[PDB]
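Right, one structure below, let's go through it.
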Amino acid sequence: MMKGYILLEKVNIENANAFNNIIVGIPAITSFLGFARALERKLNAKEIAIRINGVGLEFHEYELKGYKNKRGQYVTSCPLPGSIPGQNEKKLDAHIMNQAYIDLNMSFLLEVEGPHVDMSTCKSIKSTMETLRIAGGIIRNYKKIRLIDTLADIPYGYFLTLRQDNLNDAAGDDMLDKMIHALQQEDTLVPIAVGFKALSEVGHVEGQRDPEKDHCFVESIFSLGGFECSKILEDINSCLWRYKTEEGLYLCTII
Amino acid sequence: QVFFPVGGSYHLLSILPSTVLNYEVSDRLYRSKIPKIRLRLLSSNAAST
Amino acid sequence: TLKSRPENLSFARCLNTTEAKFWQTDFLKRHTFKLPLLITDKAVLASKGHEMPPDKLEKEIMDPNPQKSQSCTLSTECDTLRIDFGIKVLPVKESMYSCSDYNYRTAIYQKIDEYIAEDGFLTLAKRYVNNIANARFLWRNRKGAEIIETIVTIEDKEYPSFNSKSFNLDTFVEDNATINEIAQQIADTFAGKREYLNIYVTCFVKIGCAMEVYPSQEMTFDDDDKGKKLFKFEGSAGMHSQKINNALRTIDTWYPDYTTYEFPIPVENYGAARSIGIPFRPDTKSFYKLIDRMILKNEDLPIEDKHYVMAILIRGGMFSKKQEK
Amino acid sequence: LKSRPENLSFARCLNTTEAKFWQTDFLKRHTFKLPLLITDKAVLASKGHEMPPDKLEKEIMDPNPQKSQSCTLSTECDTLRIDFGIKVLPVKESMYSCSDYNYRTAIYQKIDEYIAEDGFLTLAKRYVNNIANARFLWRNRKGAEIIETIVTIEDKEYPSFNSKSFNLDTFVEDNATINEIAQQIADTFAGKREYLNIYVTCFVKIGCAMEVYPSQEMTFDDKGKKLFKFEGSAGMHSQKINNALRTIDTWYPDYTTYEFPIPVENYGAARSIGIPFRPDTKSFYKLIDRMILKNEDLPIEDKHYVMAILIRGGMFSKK
RNA sequence: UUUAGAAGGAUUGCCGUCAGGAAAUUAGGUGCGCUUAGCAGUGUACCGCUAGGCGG
DNA sequence: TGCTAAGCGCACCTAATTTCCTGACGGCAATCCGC
């Protein structure tokens, strides 16, 4: 209908999630694509049909909530737990679970295909990005929602692209050993959570959030990614994370 | 429990964490020098629980 | 009929406070000058003056106790503290992120619209603006202060400022024009007549020249180091959003024994303030019973109980049924 | 009331600022001030530490290189200037945590009874006596021709103090300036005045190019002398000024034998005279379990000690 | 429709005392900075006769 | 309201050696478990 690219420039996320079972750092990519699909579903409910099918993930600044020890490691803080539903809900001190939190300044380049993609849609996103959360964190402020044309209006920042060929072509053993060897060879490469693989079959269990949609138990699957500057990014379309489904695999891929 | 896009519809995904993976990561990152963070959060009572 | 709560009922926050950042200023140039306030490391040598068993006392009463700490103090030439934080008011009906049963969603939406009809989130909003205008968010930074000045800027309108030492911390005023002006917009944001409200609060506390500033302390569990690890936001001192939010939710004056203990408590589920160690609303005036008497065994509860239930739903949380196996 | 609360804590009521050091000339002391900075001083030594007989043979004539730091006046300055200020806060508005409300009511009742008897006046006179005698100048009071301590509250500079004319083992109760400042601290401690900010400036005429001793910082792992730098210049910890302001306790059981004040601590520990002086029934724990948990009209000296620790603060919490 | 949704980390403190860094020195040699031009742009802007327009 | 255009800014040799780098005492109390 009308393809285009909207950039949500310098979104300051406060206290997002950072724990994905073996990772403390950058949130999952399913969380940012969930911000995308939540923005899509709230715009499509103001009668603005816009199907978002590809998201760029640029990074300008971060602060993992904690401190850096003298030995150069990281200690992650947590808020004091309050009343947590359960058997011990009336006790004044609650149990502390595994949780990590991060602060990010990110810019999201979206691949938007709608009937009309104009600056009125940008105003709609501005009036829609102030009732949503990125990962599980609040948006303090955003710089500007603008339409971009090519890879020159994009601000300076370091994108996140999937580097699976640096993980398949690795030392040996099992995939964890390949990951550890690959992170030893390239020190500018990070583990990233990239989606889910089912542990059961599609069906109805009791306790679901929505009792009418299909349900499947999942593990998180993880891979490698790295950072590339905005200047040295070739034909965009390689920083655009997109949904991709298979039989048993719920994956986020850069094609 | 989270939603995931499957072909114009959605599938609810209730994520179960992996204990054995976390154990294998903790074994194979003590003997390594890649960036690593120790999560000193779970007490022994809740770990027993 | 409705015979229970949904198997996954969830609610999001409707008063989303942001992290705070601490600045150091003068008072006769508080509108133009602004300097960064940094958190220093202060190591201490102490004595073992804690209670210990009478056998350990004979072995350790005159033993040095070195400890690690951090501290934030002002400069020798700046006498005031500038804290700037922001809030994101959101609608209450549009903060239900999850509900399994459709009939419970219909019933709860009917009860929120009935609350919009009678006192449409206005008394609660006036109490939230009082907890901005008495500066309860200055937890230990409100003690020993000559002048406290609080400024609220909704959208881009800068409202007339507050003398936050002329408000009592145990009495909520319902007559100040600025508070009513802010509170009507917060009430309209909670009703759903506005989809979002951005409030920016800036405080000016004249404590004294080189005096101690008290940031929020971070819970950091490290075996090697066990010291006062204070909060540094973008390199400078500050406060968590949870501390400021717990200050703003101290509006509950409708608990079963308010006439004895005459102080507002934070709005929790079982009435669990972290100062007094007894639950203040433990059986009959708890949120779970006072929402199962409102939505399930339909009944017109008193307006104070409706205030408490709506204040919990503005606080938000996991509000489902006792999950079974 | 049986047992103290599980979370009981108190905040300070005498907040002392960190100290900054300056250099002046004494005849130009009211119009002239310069920064005093810390200088690194590497020193070569002999191995004079006591060694076992199988190490001394090999390392008695071995050089000992050691790192260190120092602070010294200039060759044109004869006076050290120390500037700190004290925030006086009320005593009832200083309980930071109390899980029981009955215990809060009992503490407020006993503080109100003490306000009825002596309106925190003997304690405040002792505090202004430790501002006027200049006990905060720990090793900087040794070898000084003239020490002048000026105290400024609000915008009134009170008449200056000949700090060297004050014995450190006695407490004057007949000085007009000490009584006038102590009455304001007394009314601030009682509750009549909500806060009092008292700014202290002391001039120490020690001499030309003489050594100024700052507070040394604490090192934990495996170090040298690291002295305190407050805003670039030399300075002292607030902890060290407050331990010289709380040297007011002449109420311990063995005072008639050792006739000097000690700092006010829970178990009566004194690091100068290395003996505990309150290890038993005259400690704070057994004087707060016999003033509120089992109501007993304690002697007034013991009441002075309990309110002095409630001005000091701490985590006084039972399991 | 985001490992969804929720969360007060708090109170208190004396780091101290002491010290020899020290002895010796070769930086040297060599060298093309050149060519050319309007301080011009009127170079100024005053002396008189409510807003506005005017003798020389 | 202008303030120039043009070329280029070394080749060598090296940068010390001995003795050592403290002794003490100590590093908190509370609370964070579902069944």
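Letters A, B, ... go to the chains of the structure tokens in the order shown; residues in each chain start at 1; ligands are counted from 1 in the same order.
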In region 113-171 of chain D, DSSP strand (DSSP E or B) residues written as JSON, numbers by chain: {"D": [146, 147, 148, 149, 150, 151, 152, 153, 156, 157, 161, 162]}
Write out as JSON lines a residue-level contact list of chain A versus chain F with cut-off 10 Å: for each qualifying residue the closest pair of atoms and the distance in Å to one decimal, counting only C-alpha atoms (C1' of nucleotides), rows sorted by chain and residue number upward.
```
{"residue": "A:80", "atom": "CA", "partner": "F:32", "partner_atom": "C1'", "distance": 8.6}
{"residue": "A:81", "atom": "CA", "partner": "F:32", "partner_atom": "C1'", "distance": 8.0}
{"residue": "A:86", "atom": "CA", "partner": "F:34", "partner_atom": "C1'", "distance": 8.3}
{"residue": "A:87", "atom": "CA", "partner": "F:34", "partner_atom": "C1'", "distance": 6.6}
{"residue": "A:88", "atom": "CA", "partner": "F:34", "partner_atom": "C1'", "distance": 7.6}
{"residue": "A:92", "atom": "CA", "partner": "F:31", "partner_atom": "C1'", "distance": 9.0}
{"residue": "A:93", "atom": "CA", "partner": "F:32", "partner_atom": "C1'", "distance": 5.7}
{"residue": "A:94", "atom": "CA", "partner": "F:32", "partner_atom": "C1'", "distance": 5.4}
{"residue": "A:95", "atom": "CA", "partner": "F:32", "partner_atom": "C1'", "distance": 4.9}
{"residue": "A:96", "atom": "CA", "partner": "F:32", "partner_atom": "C1'", "distance": 5.8}
{"residue": "A:97", "atom": "CA", "partner": "F:32", "partner_atom": "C1'", "distance": 9.5}
```
Deliver the residues from the most recent selection as a file, using N, CA and C atoms, as an mmCIF file, in the first residue's frame.
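Now in part.cif:
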```
data_model
loop_
_atom_site.group_PDB
_atom_site.id
_atom_site.type_symbol
_atom_site.label_atom_id
_atom_site.label_comp_id
_atom_site.auth_asym_id
_atom_site.auth_seq_id
_atom_site.Cartn_x
_atom_site.Cartn_y
_atom_site.Cartn_z
ATOM 1 N N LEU A 80 13.334 -3.410 46.837
ATOM 2 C CA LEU A 80 12.874 -4.170 47.992
ATOM 3 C C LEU A 80 11.535 -4.819 47.680
ATOM 4 N N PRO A 81 11.426 -6.147 47.762
ATOM 5 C CA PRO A 81 10.165 -6.813 47.421
ATOM 6 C C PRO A 81 9.041 -6.445 48.376
ATOM 7 N N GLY A 86 0.491 -15.130 47.492
ATOM 8 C CA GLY A 86 0.859 -16.487 47.837
ATOM 9 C C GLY A 86 0.428 -16.802 49.258
ATOM 10 N N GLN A 87 1.046 -17.847 49.807
ATOM 11 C CA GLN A 87 0.775 -18.232 51.186
ATOM 12 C C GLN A 87 1.340 -17.204 52.159
ATOM 13 N N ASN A 88 2.582 -16.774 51.935
ATOM 14 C CA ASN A 88 3.191 -15.717 52.735
ATOM 15 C C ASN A 88 2.971 -14.391 52.011
ATOM 16 N N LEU A 92 5.737 -9.202 56.559
ATOM 17 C CA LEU A 92 6.241 -7.881 56.216
ATOM 18 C C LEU A 92 7.535 -7.929 55.420
ATOM 19 N N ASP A 93 8.187 -9.086 55.352
ATOM 20 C CA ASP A 93 9.398 -9.279 54.566
ATOM 21 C C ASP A 93 9.136 -10.384 53.556
ATOM 22 N N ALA A 94 9.370 -10.089 52.285
ATOM 23 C CA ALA A 94 9.057 -11.007 51.203
ATOM 24 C C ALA A 94 10.324 -11.600 50.605
ATOM 25 N N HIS A 95 10.138 -12.695 49.879
ATOM 26 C CA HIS A 95 11.258 -13.417 49.302
ATOM 27 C C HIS A 95 11.819 -12.682 48.092
ATOM 28 N N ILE A 96 13.125 -12.820 47.902
ATOM 29 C CA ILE A 96 13.851 -12.168 46.821
ATOM 30 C C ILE A 96 14.193 -13.221 45.777
ATOM 31 N N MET A 97 13.757 -12.995 44.542
ATOM 32 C CA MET A 97 14.014 -13.898 43.431
ATOM 33 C C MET A 97 15.051 -13.300 42.492
#
```
Non-local contacts of residue 162 (chain A) (9 Å; only C-alpha atoms (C1' of nucleotides); under 6 positions in same chain excluded) as JSON, numbers by chain: {"A": [192, 223, 224, 225, 226, 238, 239, 241, 253, 254, 255]}
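Our summary of the geometry notes that CA of residue 5 (chain A) is positioned 27.7 Å from CA of residue 25 (chain A).
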Within 8 Å of chain C: residues of chain A, using only C-alpha atoms, as an MDAnalysis selection string: chainID A and resid 14 63 66 75:80 83 85:86 90 92 130:131 138 140 207:211
Restricted to N, CA and C atoms, what would the selected residues look like written as a CSV table (one decimal), in the first residue's frame?
```
chain,number,residue,atom,x,y,z
A,14,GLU,N,13.4,3.3,31.4
A,14,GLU,CA,13.8,3.3,32.7
A,14,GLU,C,13.3,2.0,33.4
A,63,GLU,N,22.7,1.8,31.3
A,63,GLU,CA,23.2,1.8,32.7
A,63,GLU,C,22.5,0.6,33.4
A,66,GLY,N,23.0,-1.1,39.3
A,66,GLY,CA,23.9,-1.7,40.2
A,66,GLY,C,25.2,-1.0,40.4
A,75,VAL,N,27.7,-6.1,40.1
A,75,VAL,CA,26.7,-6.5,41.1
A,75,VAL,C,25.4,-5.9,40.8
A,76,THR,N,24.4,-6.7,40.6
A,76,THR,CA,23.1,-6.2,40.2
A,76,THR,C,22.2,-6.0,41.4
A,77,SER,N,21.5,-4.8,41.4
A,77,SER,CA,20.6,-4.4,42.5
A,77,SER,C,19.2,-4.9,42.2
A,78,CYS,N,18.3,-4.8,43.2
A,78,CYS,CA,16.9,-5.1,43.1
A,78,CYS,C,16.2,-4.2,44.0
A,79,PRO,N,14.9,-3.8,43.6
A,79,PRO,CA,14.1,-3.1,44.6
A,79,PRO,C,13.6,-4.0,45.7
A,80,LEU,N,13.3,-3.4,46.8
A,80,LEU,CA,12.9,-4.2,48.0
A,80,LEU,C,11.5,-4.8,47.7
A,83,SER,N,4.5,-6.9,48.9
A,83,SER,CA,3.6,-8.0,49.1
A,83,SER,C,3.5,-8.8,47.8
A,85,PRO,N,1.8,-12.1,46.1
A,85,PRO,CA,0.7,-13.1,46.3
A,85,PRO,C,1.1,-14.5,46.5
A,86,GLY,N,0.5,-15.1,47.5
A,86,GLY,CA,0.9,-16.5,47.8
A,86,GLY,C,0.4,-16.8,49.3
A,90,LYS,N,1.1,-12.0,54.0
A,90,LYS,CA,0.8,-11.1,55.1
A,90,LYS,C,2.0,-10.8,55.9
A,92,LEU,N,5.7,-9.2,56.6
A,92,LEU,CA,6.2,-7.9,56.2
A,92,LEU,C,7.5,-7.9,55.4
A,130,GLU,N,3.1,6.9,24.8
A,130,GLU,CA,3.0,7.4,26.1
A,130,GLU,C,2.0,6.6,26.9
A,131,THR,N,1.6,5.4,26.5
A,131,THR,CA,0.8,4.5,27.3
A,131,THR,C,1.4,3.1,27.2
A,138,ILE,N,9.4,1.8,32.0
A,138,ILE,CA,8.7,3.0,31.6
A,138,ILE,C,9.5,3.9,30.7
A,140,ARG,N,10.6,7.5,29.9
A,140,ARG,CA,10.7,8.8,30.5
A,140,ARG,C,10.5,9.9,29.5
A,207,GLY,N,-5.3,-22.2,33.6
A,207,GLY,CA,-4.5,-21.2,34.2
A,207,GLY,C,-4.0,-20.1,33.2
A,208,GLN,N,-4.4,-20.2,31.9
A,208,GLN,CA,-3.9,-19.3,30.9
A,208,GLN,C,-4.4,-17.9,31.1
A,209,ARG,N,-3.6,-16.9,30.6
A,209,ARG,CA,-4.0,-15.5,30.7
A,209,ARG,C,-5.2,-15.2,29.8
A,210,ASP,N,-5.3,-15.9,28.6
A,210,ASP,CA,-6.4,-15.8,27.7
A,210,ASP,C,-6.9,-17.2,27.5
A,211,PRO,N,-8.1,-17.6,27.9
A,211,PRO,CA,-8.6,-19.0,27.8
A,211,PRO,C,-9.0,-19.4,26.4
```
Helix (DSSP H, G or I) positions in region 166-273 of chain C, given as a list in words: residues 177, 178, 179, 180, 181, 182, 183, 184, 185, 186, 187, 188, 189, 190, 191, 241, 242, 243, 244, 245, 246, 247 and 248 of chain C
Those residues with N, CA and C atoms, as a PDB file, in the first residue's frame please?
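Output saved as out33.pdb:
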```
ATOM      1  N   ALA C 177      -6.049  26.159  45.669  1.00  0.00           N
ATOM      2  CA  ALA C 177      -6.469  26.282  44.273  1.00  0.00           C
ATOM      3  C   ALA C 177      -5.529  25.543  43.327  1.00  0.00           C
ATOM      4  N   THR C 178      -4.219  25.625  43.586  1.00  0.00           N
ATOM      5  CA  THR C 178      -3.234  24.935  42.757  1.00  0.00           C
ATOM      6  C   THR C 178      -3.388  23.423  42.848  1.00  0.00           C
ATOM      7  N   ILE C 179      -3.618  22.910  44.062  1.00  0.00           N
ATOM      8  CA  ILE C 179      -3.825  21.479  44.276  1.00  0.00           C
ATOM      9  C   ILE C 179      -5.082  20.999  43.564  1.00  0.00           C
ATOM     10  N   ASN C 180      -6.160  21.787  43.633  1.00  0.00           N
ATOM     11  CA  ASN C 180      -7.401  21.443  42.946  1.00  0.00           C
ATOM     12  C   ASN C 180      -7.234  21.465  41.432  1.00  0.00           C
ATOM     13  N   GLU C 181      -6.445  22.416  40.920  1.00  0.00           N
ATOM     14  CA  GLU C 181      -6.196  22.518  39.486  1.00  0.00           C
ATOM     15  C   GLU C 181      -5.404  21.323  38.965  1.00  0.00           C
ATOM     16  N   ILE C 182      -4.370  20.903  39.700  1.00  0.00           N
ATOM     17  CA  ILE C 182      -3.603  19.712  39.326  1.00  0.00           C
ATOM     18  C   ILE C 182      -4.442  18.446  39.490  1.00  0.00           C
ATOM     19  N   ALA C 183      -5.258  18.401  40.544  1.00  0.00           N
ATOM     20  CA  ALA C 183      -5.985  17.196  40.909  1.00  0.00           C
ATOM     21  C   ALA C 183      -7.123  16.909  39.944  1.00  0.00           C
ATOM     22  N   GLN C 184      -7.729  17.953  39.369  1.00  0.00           N
ATOM     23  CA  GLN C 184      -8.774  17.724  38.374  1.00  0.00           C
ATOM     24  C   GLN C 184      -8.212  17.091  37.104  1.00  0.00           C
ATOM     25  N   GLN C 185      -7.011  17.499  36.690  1.00  0.00           N
ATOM     26  CA  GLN C 185      -6.378  16.871  35.533  1.00  0.00           C
ATOM     27  C   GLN C 185      -5.961  15.437  35.831  1.00  0.00           C
ATOM     28  N   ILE C 186      -5.484  15.173  37.054  1.00  0.00           N
ATOM     29  CA  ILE C 186      -5.155  13.795  37.431  1.00  0.00           C
ATOM     30  C   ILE C 186      -6.419  12.932  37.501  1.00  0.00           C
ATOM     31  N   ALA C 187      -7.528  13.504  37.984  1.00  0.00           N
ATOM     32  CA  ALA C 187      -8.804  12.796  38.023  1.00  0.00           C
ATOM     33  C   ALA C 187      -9.329  12.491  36.625  1.00  0.00           C
ATOM     34  N   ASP C 188      -9.205  13.447  35.703  1.00  0.00           N
ATOM     35  CA  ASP C 188      -9.634  13.216  34.328  1.00  0.00           C
ATOM     36  C   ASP C 188      -8.726  12.221  33.622  1.00  0.00           C
ATOM     37  N   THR C 189      -7.449  12.175  34.005  1.00  0.00           N
ATOM     38  CA  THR C 189      -6.561  11.157  33.460  1.00  0.00           C
ATOM     39  C   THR C 189      -6.914   9.769  33.986  1.00  0.00           C
ATOM     40  N   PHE C 190      -7.280   9.661  35.270  1.00  0.00           N
ATOM     41  CA  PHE C 190      -7.698   8.374  35.825  1.00  0.00           C
ATOM     42  C   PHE C 190      -9.049   7.912  35.305  1.00  0.00           C
ATOM     43  N   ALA C 191      -9.943   8.845  34.973  1.00  0.00           N
ATOM     44  CA  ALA C 191     -11.265   8.463  34.488  1.00  0.00           C
ATOM     45  C   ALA C 191     -11.190   7.829  33.105  1.00  0.00           C
ATOM     46  N   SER C 241      12.320   5.240  41.984  1.00  0.00           N
ATOM     47  CA  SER C 241      10.922   5.586  41.757  1.00  0.00           C
ATOM     48  C   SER C 241      10.025   4.966  42.816  1.00  0.00           C
ATOM     49  N   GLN C 242      10.396   3.783  43.312  1.00  0.00           N
ATOM     50  CA  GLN C 242       9.601   3.087  44.320  1.00  0.00           C
ATOM     51  C   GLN C 242       9.532   3.852  45.638  1.00  0.00           C
ATOM     52  N   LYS C 243      10.625   4.517  46.024  1.00  0.00           N
ATOM     53  CA  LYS C 243      10.640   5.339  47.234  1.00  0.00           C
ATOM     54  C   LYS C 243       9.680   6.521  47.119  1.00  0.00           C
ATOM     55  N   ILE C 244       9.753   7.248  46.000  1.00  0.00           N
ATOM     56  CA  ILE C 244       8.876   8.389  45.757  1.00  0.00           C
ATOM     57  C   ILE C 244       7.431   7.940  45.611  1.00  0.00           C
ATOM     58  N   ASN C 245       7.210   6.799  44.956  1.00  0.00           N
ATOM     59  CA  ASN C 245       5.862   6.273  44.788  1.00  0.00           C
ATOM     60  C   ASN C 245       5.261   5.817  46.106  1.00  0.00           C
ATOM     61  N   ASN C 246       6.061   5.183  46.973  1.00  0.00           N
ATOM     62  CA  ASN C 246       5.596   4.812  48.306  1.00  0.00           C
ATOM     63  C   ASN C 246       5.293   6.048  49.139  1.00  0.00           C
ATOM     64  N   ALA C 247       6.022   7.142  48.904  1.00  0.00           N
ATOM     65  CA  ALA C 247       5.641   8.408  49.523  1.00  0.00           C
ATOM     66  C   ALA C 247       4.289   8.903  49.014  1.00  0.00           C
ATOM     67  N   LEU C 248       4.048   8.820  47.699  1.00  0.00           N
ATOM     68  CA  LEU C 248       2.795   9.342  47.153  1.00  0.00           C
ATOM     69  C   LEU C 248       1.576   8.482  47.478  1.00  0.00           C
TER      70      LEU C 248
END
```
Separation of CA of residue 20 (chain D) from CA of residue 75 (chain C), in Å and rounded to one decimal: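 It comes out at 10.7 Å.
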Near-residue 112 (chain A) list (10 Å; only C-alpha atoms (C1' of nucleotides); drop same-chain fewer than 5 positions) as a ChimeraX atom specification: /A:2-6,40,50-55,117
Exercise answer, chain F residues close to chain C, 7 Å and only C-alpha atoms (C1' of nucleotides), as a list in words: residues 25, 26, 27, 28 and 29 of chain F
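You can rank C:43, C:60, C:300, C:309 by their closest distance to residue 275 (chain D) using only C-alpha atoms, and at the top of that list sits C:60.
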Region 152-165 of chain D environment, 8 Å, only C-alpha atoms (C1' of nucleotides), sequence neighbours closer than 5 positions dropped, as a list in words: residues 132, 133, 134, 146, 147, 177, 196, 197, 198, 199 and 200 of chain D
Residue subset to file, keeping N, CA and C atoms, as a CSV table (one decimal), in the first residue's frame:
```csv
chain,number,residue,atom,x,y,z
D,132,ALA,N,33.9,24.9,72.5
D,132,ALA,CA,34.7,26.0,73.0
D,132,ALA,C,36.1,25.6,73.4
D,133,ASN,N,36.3,24.4,74.0
D,133,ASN,CA,37.6,24.0,74.3
D,133,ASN,C,38.4,23.5,73.1
D,134,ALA,N,37.8,23.4,71.9
D,134,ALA,CA,38.4,22.9,70.7
D,134,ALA,C,39.0,21.5,70.8
D,146,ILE,N,48.0,30.4,70.2
D,146,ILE,CA,46.7,31.0,70.5
D,146,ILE,C,45.7,30.2,69.7
D,147,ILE,N,44.6,29.7,70.3
D,147,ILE,CA,43.5,29.0,69.6
D,147,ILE,C,42.2,29.8,69.9
D,177,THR,N,28.4,33.0,77.0
D,177,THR,CA,28.3,32.6,75.6
D,177,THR,C,27.9,31.2,75.4
D,196,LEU,N,18.5,23.8,64.1
D,196,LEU,CA,19.5,24.9,64.4
D,196,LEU,C,20.8,24.6,63.7
D,197,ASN,N,21.2,25.5,62.8
D,197,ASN,CA,22.4,25.3,62.0
D,197,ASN,C,23.5,26.2,62.6
D,198,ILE,N,24.6,25.6,63.2
D,198,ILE,CA,25.6,26.3,63.9
D,198,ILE,C,26.9,26.1,63.2
D,199,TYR,N,27.5,27.2,62.8
D,199,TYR,CA,28.7,27.2,62.0
D,199,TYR,C,29.9,27.6,62.8
D,200,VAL,N,30.9,26.7,62.8
D,200,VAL,CA,32.1,26.9,63.7
D,200,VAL,C,33.3,27.2,62.8
```
Within 12 Å of region 40-46 of chain E using only C-alpha atoms (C1' of nucleotides), minus same-chain residues under 6 positions, as a PyMOL selection string: (chain E and resi 56) or (chain F and resi 1-2)
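Within 6 Å of chain A, chain B contributes the residues residues 11, 12, 13, 14, 15, 16, 37, 41 and 42 of chain B, using only C-alpha atoms.
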Compile a residue-level contact table for chain E against chain B at a cut-off of 12 Å, reporting for every qualifying residue the shortest atom pair and its distance in Å to one decimal, with only C-alpha atoms (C1' of nucleotides) counted, rows ordered by chain and ascending number, as a tab-separated table.
```
residue	atom	partner	partner_atom	distance
E:1	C1'	B:3	CA	6.8
E:2	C1'	B:2	CA	7.8
E:3	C1'	B:15	CA	6.8
E:4	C1'	B:2	CA	6.0
E:5	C1'	B:1	CA	10.7
```
Just to be explicit: take each residue in the selection above, keep N, CA and C atoms (P, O5', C5', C4', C3', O3' and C1' of nucleotides), and write the result as a PDB file, in the first residue's frame.
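Result written to again03.pdb:
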```pdb
ATOM      1  P     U E   1       4.199  -9.738  21.136  1.00  0.00           P
ATOM      2  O5'   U E   1       3.334  -8.880  22.155  1.00  0.00           O
ATOM      3  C5'   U E   1       2.094  -8.340  21.731  1.00  0.00           C
ATOM      4  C4'   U E   1       1.349  -7.644  22.840  1.00  0.00           C
ATOM      5  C3'   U E   1       1.181  -8.433  24.130  1.00  0.00           C
ATOM      6  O3'   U E   1       2.308  -8.341  24.984  1.00  0.00           O
ATOM      7  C1'   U E   1      -0.903  -7.542  23.474  1.00  0.00           C
ATOM      8  P     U E   2       2.604  -9.497  26.059  1.00  0.00           P
ATOM      9  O5'   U E   2       4.187  -9.492  26.193  1.00  0.00           O
ATOM     10  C5'   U E   2       5.014 -10.058  25.184  1.00  0.00           C
ATOM     11  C4'   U E   2       6.386  -9.425  25.130  1.00  0.00           C
ATOM     12  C3'   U E   2       7.157  -9.353  26.449  1.00  0.00           C
ATOM     13  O3'   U E   2       8.545  -9.550  26.198  1.00  0.00           O
ATOM     14  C1'   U E   2       6.873  -7.172  25.565  1.00  0.00           C
ATOM     15  P     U E   3       9.248 -10.952  26.539  1.00  0.00           P
ATOM     16  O5'   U E   3       8.937 -11.189  28.078  1.00  0.00           O
ATOM     17  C5'   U E   3       9.127 -12.475  28.647  1.00  0.00           C
ATOM     18  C4'   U E   3       9.020 -12.460  30.148  1.00  0.00           C
ATOM     19  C3'   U E   3       9.962 -11.494  30.851  1.00  0.00           C
ATOM     20  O3'   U E   3       9.372 -11.081  32.083  1.00  0.00           O
ATOM     21  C1'   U E   3      10.515 -13.705  31.456  1.00  0.00           C
ATOM     22  P     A E   4       8.685  -9.636  32.215  1.00  0.00           P
ATOM     23  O5'   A E   4       7.339  -9.769  31.377  1.00  0.00           O
ATOM     24  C5'   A E   4       6.844  -8.676  30.617  1.00  0.00           C
ATOM     25  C4'   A E   4       5.339  -8.588  30.681  1.00  0.00           C
ATOM     26  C3'   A E   4       4.755  -7.932  31.924  1.00  0.00           C
ATOM     27  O3'   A E   4       4.652  -6.531  31.748  1.00  0.00           O
ATOM     28  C1'   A E   4       3.512  -9.883  31.284  1.00  0.00           C
ATOM     29  P     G E   5       5.404  -5.511  32.725  1.00  0.00           P
ATOM     30  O5'   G E   5       4.382  -5.328  33.927  1.00  0.00           O
ATOM     31  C5'   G E   5       3.048  -4.907  33.690  1.00  0.00           C
ATOM     32  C4'   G E   5       2.152  -5.321  34.822  1.00  0.00           C
ATOM     33  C3'   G E   5       2.741  -5.126  36.209  1.00  0.00           C
ATOM     34  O3'   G E   5       2.555  -3.813  36.707  1.00  0.00           O
ATOM     35  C1'   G E   5       1.863  -7.317  36.010  1.00  0.00           C
TER      36        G E   5
END
```
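The chain B residues that come within 8 Å of chain F are residues 45, 46 and 49 of chain B, with only C-alpha atoms (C1' of nucleotides) taken into account.
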Requested write-out: N, CA and C atoms of the selected residues, as a short mmCIF file (atom, residue, chain, number, x, y, z; two decimals), in the first residue's frame:
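Final file, selection_0.cif:
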```
data_model
loop_
_atom_site.label_atom_id
_atom_site.label_comp_id
_atom_site.auth_asym_id
_atom_site.auth_seq_id
_atom_site.Cartn_x
_atom_site.Cartn_y
_atom_site.Cartn_z
N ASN B 45 17.11 -21.03 51.61
CA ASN B 45 15.75 -21.44 51.96
C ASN B 45 14.85 -21.44 50.73
N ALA B 46 14.92 -20.39 49.92
CA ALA B 46 14.09 -20.31 48.72
C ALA B 46 14.59 -21.26 47.64
N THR B 49 13.18 -24.39 48.63
CA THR B 49 11.76 -24.27 48.33
C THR B 49 11.47 -24.41 46.84
#
```
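In this model, the gap between CA of residue 229 (chain A) and CA of residue 64 (chain A) comes to 21.7 Å.
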Proximal residues of chain E relative to chain C (only C-alpha atoms (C1' of nucleotides); 8 Å) as a PyMOL selection string: chain E and resi 4-10+13-15
Check: which chain D residues lie within 6 Å of chain F using only C-alpha atoms (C1' of nucleotides), as a PyMOL selection string: chain D and resi 49+63-66
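Within the 12 Å cut-off around residue 254 (chain D), using only C-alpha atoms (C1' of nucleotides) and omitting residues fewer than 3 positions from it on the same chain, the listed residues are residues 249, 250, 251, 257, 258, 259, 260, 261, 262, 268, 275, 276, 277, 278, 279 and 282 of chain D.
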